[PDB]
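Scroll down for the structure; my scribbles are underneath it.
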DNA sequence: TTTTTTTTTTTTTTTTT
Ligand SMILES: Nc1ncnc2c1ncn2[C@@H]1O[C@H](COP(=O)(O)OP(=O)(O)O)[C@@H](O)[C@H]1O
Ligand code: SF4
C-alpha cells in the first residue's frame, strides 16, 4: 500500500465477511443448526466494548439465530460476562434463557454459554478454580494423574456405599459388601498396579464402614420427623431460613451419566436420592443429587462447586433441584450445598474460559500462514498449589518447548521448570513440540469435530435413512448382569417391521431416549442384530421406566485419540533411563548396534531347537532372526508383499522364547496380533492375550485374561498376579499399553507388527517396556493415515518404521514371496520393488486362476454376445494371461462426483458382469476381491451385486485390504474425466502398489487410460503394461458384447 | 479442496497439598 491512491481504495464499507465466519464456525462446529428457544445456538457476528458509569466494562455482541443475516439480535455482557473471551464467528447458547429477547446478561440475571456443543466435565471446571492451565493439561495429557492408593480406596468405598443404599446398612451386610467388592477383578488390577496387599486395603476400607451406619441411622431411619438431623436450607422457594429436618428416603439413582447441551457440561452423579424436608408439621419431597467424597472433610470450594454443577446436570433430566448434598464417607457427615446464582454464574463463567482454552489450540499468526501451538493459560503465582501438582512435569515441559526478551513468570517457578527439563536437549524439545502440533491439528480436523445436535435436535426418522439413528424402540427382557457396568439389554420396535443399514453389530453406540429429557443415558456397543430385534451392551441398568419408553440409538467418532499419543510423547520426555535410550535412538538417530555372531550368543540348550526352527525358513527369513539375535538396540524387518510375515514373526517369537527371553508382542489391529497367535497356538507356545475378549479372534479367546479369569474364577490378588506371571510372552495391541501389567512388568523384546502403518507416537508405546525391539513393516505399502493437509505436510505420515530405516545396518528384507505368480510378481517388481521379489517355489510361480468349467461358461455368454469380439473377453478369461488392463477409453465411462467421493456406474456395471462370469467359470466367490480407490464407488458396486444376486465377493478399498490377498482381484479405478479434476488419491504410489499385490493368480484392471495416465504411478504402470501389450482397448458401448450390459 | 479410517471406553472420577 504505497501511493495516496492505495489508501483511498483500500477503504472498505459486510456480507462476504459474514460468510467467512459461517465457514469458520463450521471448521470448528460443522452443521450447527442455529436456533431459538430452549436449545438456542446463535452465531456471533460482532464483538466490541463500551463504557458505562465511567470506567466500567461492557461487551457489545451482535448475534443471529438463522442464516438470513438480517435477524441480527443485539446483546450486552455486563460485569464479569463482559470479559468472557468471545470473538466473532463463535457459536454461543444463552442459557441465561431468553432467545425471546437476549439483550442484557450481567451479574444478576442470565448465563452465557460459549461453545455449548462442547461439554466440559465438572471435575475439570472444579480443577480450573485453582489453575486453569492445570485443568487444561489434565484434559489433554490424561494419563499423568496416575491412580493413587486413596483414589482406589475412594472408588472401592463409593461402590460399596451405592451397593449399600440400594440394600441395607446393617454392619454384617456392609462387611459382606466390602468383602465382595474387594475381590472384583477391576480392583484386583489396581491393587496389582500399585503393588499393594488385598487384605491391607480391605482393612483400610473396613474402618470407614461404621460411618456408613452412622449416616444411615441419622438420615434414613424411618421414625418421628422431629428426630432427623436438623439444618437451615435456604432454597429459592418462597417463605429461606429457620431450621428443618432432613430424611433420605431412598436412592433413586446411582452413577447417573449426564450430558448438558444446555451448559456444555458433562458429569456423573454418584447418587440421586429422594429427600423429605420436614418443616414444622409440613413436608416437602425433593429429588436431589448427592456427591460422595472419601477424602478429608474439607468442605472445600472444589467440592461444593462440584455439587452446584450437579444441580445443573440435573435440570437436563428433571426439575431444578435448587441444592444438593456433599457426603464425606470418612466421618459420615453430610453438608448442604445450595446452588446460589452467584455460584452457578461464577462457575459457568470459569467454564467458558476452559471451553475456550481447549478449543483455541493452534495459532495462525498471519491469517493463512503456517501453524503454531497456542500457549496455555499462564503459570499461576500461587506457589502453594504448584508444589504438589502431578501436571507440573508437563507444565514445565510444555512451557520450555512452547514459550517466550520477556518471560516475566514467577521466578520461583522459572527455576523448577529448569530442574524439571534440564535432562532434555534442544532436539528433544523441538521433537516434542512438533509432534504435539501435528497431533493437535489432526485431532482438530473437521472430520473429528462433528457434534451431538443430530441426537438431541432432529427426531429419529430423518436420520435412520442413513448413517446410524436406528430407533424408536422398546425393551421388556430382563437385564442380564455380565460384570459391573456391562449390562445386557434387548431392543425392538413397537408393532411391525423395521430396517437396518449402518448398524454392523459390534459398533460404538449411544443409547438415548424418545424425548429430550432422556438424552445420553448410557453409551455402549452392539452384540448381535436380527432385523426384528437388536441386542446391545451398556454400562447402565435401565429399569427405571419400562414399556412407556422409546429409544434412539446413534454412533460416535474419534479425535480424543490424541491422548494416548500425547501420553507416549510426554513419557518419552520423562527423565528415566528407558526414556533416555529411546530419545537417543529415535530423536537423536543414534546408530543401532549389532554384534558378531559367536558360539554362545544363545544359551547352549536353546541351540538345537533354534536350528530346527531355522531350517524351516528361507534365507531372508533366517537372516532376519539372525539380525534380531545379534541386535543390542533394534531391528527392522521389511515384510514385502506375500513374503510370510505372520509365519516369520511366529518363528522369531518361537526362537526368542527358546532363548528364555520375555517378549511383548504387539501390532495395530487385533486380527494382526491374533493371526500370529493362532500360528503360535499350533506350535503349542504359551502366551497371555490382553484386551477385550469380544474384539479377540474366537480361537484365541481361550487365552484372554478376561476369559481365563471368568473360567478359572480368579478372585484374589495372588491368583490374578499368578496369571500375569504365568507367561513370558504377552500379546496386546499398541493402544492397549494402558494395562496394569505394564506398571510392573518389563520385557526382553518388544515386537511390533504393521510397524509402518501405525502413527509414530502410537508405535512408541510398547517400546517403553522392552529392552530391544523389532518393527515389522514395509514403507512401499500404506502409511499411517493423516487426514489433515498441514500436518501431513509437517511429516505426520512418517511411520516410526520409516523414520528409523535410514540406519541400514538394522534393516533386513523379506523377498522370497508366496502369493503372486511369476507374471503378477513381475509387475510390482518392475514398478516398485526394484526387481527384489523372488518366487517361493515353481508352484507359486506357475499357478494360474482355477476355472474348472471354462467350456460351457464360454458358450453361455456367447448367447447374446459374439465369439469374434475375442479381443478382451478371450484375453480376460484366459488363465495364462494373469495380468490384464481394460481400457474404458473407446467406450465412454464417465465418473460421478457426489459431495466429495467419486463413482463410475459404467465401470461398476462393467465389473459386476466380469464377476458373475468368473464364478460361472468355476471360481468360488470366496476367492474374489473387488477394489476401488473411492469409498463411494464401493456402495455402487455392492448394489449392482445384490441386483445380479451375487454378494459373497467382497468389495472394499485398498486400505481394508492391507496384508490380505485373493485368487482374483478386479480393480475399478473409477476415475474418468474430461481433462480437468485429478484427485490426490491416485497420485499416491503406495495405494497403487497395494492394489497390484493383492492377487495370487489373476489381476484385472479397469479404467480410462486417458485421464489415468496423468497420475505418475499409473503413467509408469501404463509404460510397463504397453511394453508387454497387456492393455486391451475396448469397443464402444454399442458393440455386440457391451450393449447388453448397458 | 479434494475423500483413504483402527484403535482405546467405562474418558468422568477416584484424592492430595
Ligand atoms: N520359509 C517358508 N517356507 C515355506 N513356506 C512359507 C515360508 N514362509 C511363508 N510361507 C508360506 O507363505 C504363506 C503366507 O504366510 P502366512 O504367514 O500364512 O501369511 P502372510 O505371509 O500373508 O502373513 C503361507 O501359506 C506359508 O505356507
Ligand atoms: S504446575 Fe502450577 S502452573 Fe503448572 S499447571 Fe500445575 S498448577 Fe498450574
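Residue numbers (the deposited numbering): 1 to 13, 20 to 245, 248 to 412, 415 to 1056.
Yeah, the Cβ is synthetic: ideal placement off N, Cα and C, and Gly gets one too.
Item                                                                                                                    : Value
Beta-carbon proximity check, residue 168 vs residue 279, cutoff 8 Å                                                     : yes
Residue 604 vs residue 637 beta-carbon contact at 8 Å                                                                   : yes
C-beta contact flag for residue 313 and residue 150 at 8 Å                                                              : no
Cutoff 7 Å; reference residue 863; Cβ partners in own chain excluding five residues on either side                      : 931, 932
Span of the beta strand (DSSP E) around residue 502                                                                     : 496-503
Inter-residue Cα distance where the pair is residue 541 and residue 559                                                 : 20 Å
Minimum C-alpha distance to residue 936 - residue among 976, 909, 1048, 581                                             : 976
Ligand 2 heavy atom lying under 7 Å from the CB of residue 393                                                          : yes
Validate contact between the stretch 209-216 and the stretch 171-189 using beta carbons, cut 8 Å, 3 pairs               : yes
Anticipated Cβ contact below 8 Å, residue 31 with residue 102, distance rounded                                         : Not a contact, Cβ separation roughly 21 Å.
Short Cβ contact (8 Å threshold) for residue 984 with residue 917                                                       : yes
Nonlocal neighbours in the same chain, by C-beta distance under 7 Å from residue 58, ignoring five residues either side : 64
Unbroken alpha helix (DSSP H) run spanning residue 540, endpoints                                                       : Here residue 540 belongs to no alpha helix (DSSP H), and DSSP marks it neither H nor E.
Of the residues 934, 911, 75, 71, the one placed nearest residue 99, counting alpha carbons only                        : 71
Beta-carbon proximity of residue 121 to residue 363, cut-off 8 Å                                                        : yes
Secondary structure, alpha helix (DSSP H): runs of 4+ residues fully inside the stretch 313-385                         : 349-367
Touch test, the stretch 492-506 against the stretch 543-550, Cβ-Cβ under 8 Å, three pairs minimum                       : yes
Residue 947: CB within 7 Å of a non-hydrogen atom of ligand 2                                                           : no
Same chain only: Cβ atoms within 8 Å of residue 876, ignoring 5 sequence neighbours per side                            : 1050, 1051
C-alpha distance - residue 53 paired with residue 964, whole-angstrom precision                                         : 54 Å
Classification of residue 448 by the beta-carbon crowding that lies within 10 angstroms, buried from 16 upward          : buried
Opening and closing residue of the beta strand (DSSP E) in which residue 413 lies                                       : Within the gap of the chain, which runs from 412 to 415, lies residue 413, and it has no coordinates in the structure.
Alpha-carbon spacing of residue 97 relative to residue 11, whole angstroms                                              : 29 Å
Residue 628 Cβ short of 7 Å to ligand 1 heavy atom set                                                                  : yes
Stretch-stretch touch, CB-based, cutoff 8 Å, three pairs: the stretch 445-461 with the stretch 528-535                  : no
DSSP state of residue 393 mapped onto helix, strand, coil                                                               : helix
Cutoff 6 Å; reference residue 524; Cβ partners in own chain excluding five residues on either side                      : 560
Length at least 3, wholly inside the stretch 917-1001: the beta strand (DSSP E) runs in chain order                     : 938-941, 964-966, 976-982
Contact check, residue 847 vs residue 1006, beta carbons under 8 Å                                                      : no
Those runs of the alpha helix (DSSP H) which lie wholly inside the stretch 845-884 and span at least 4 residues         : 852-856, 865-871
Range covered by the alpha helix (DSSP H) that runs through residue 442                                                 : 436-454
Closest by C-alpha distance to residue 923, when choosing among 901, 958, 912, 938                                      : 958
Complete beta strand (DSSP E) runs within the stretch 727-775 (minimum length 3 residues, chain order)                  : 739-743, 757-762
Cβ contact (3+ pairs, closer than 8 Å) linking the stretch 698-711 and the stretch 795-802                              : no
Environment of residue 246 [buried if 16+ CB atoms lie within 10 Å]                                                     : Because the chain is numbered 245 and then 248 with no intervening positions, residue 246 cannot be located in this model.
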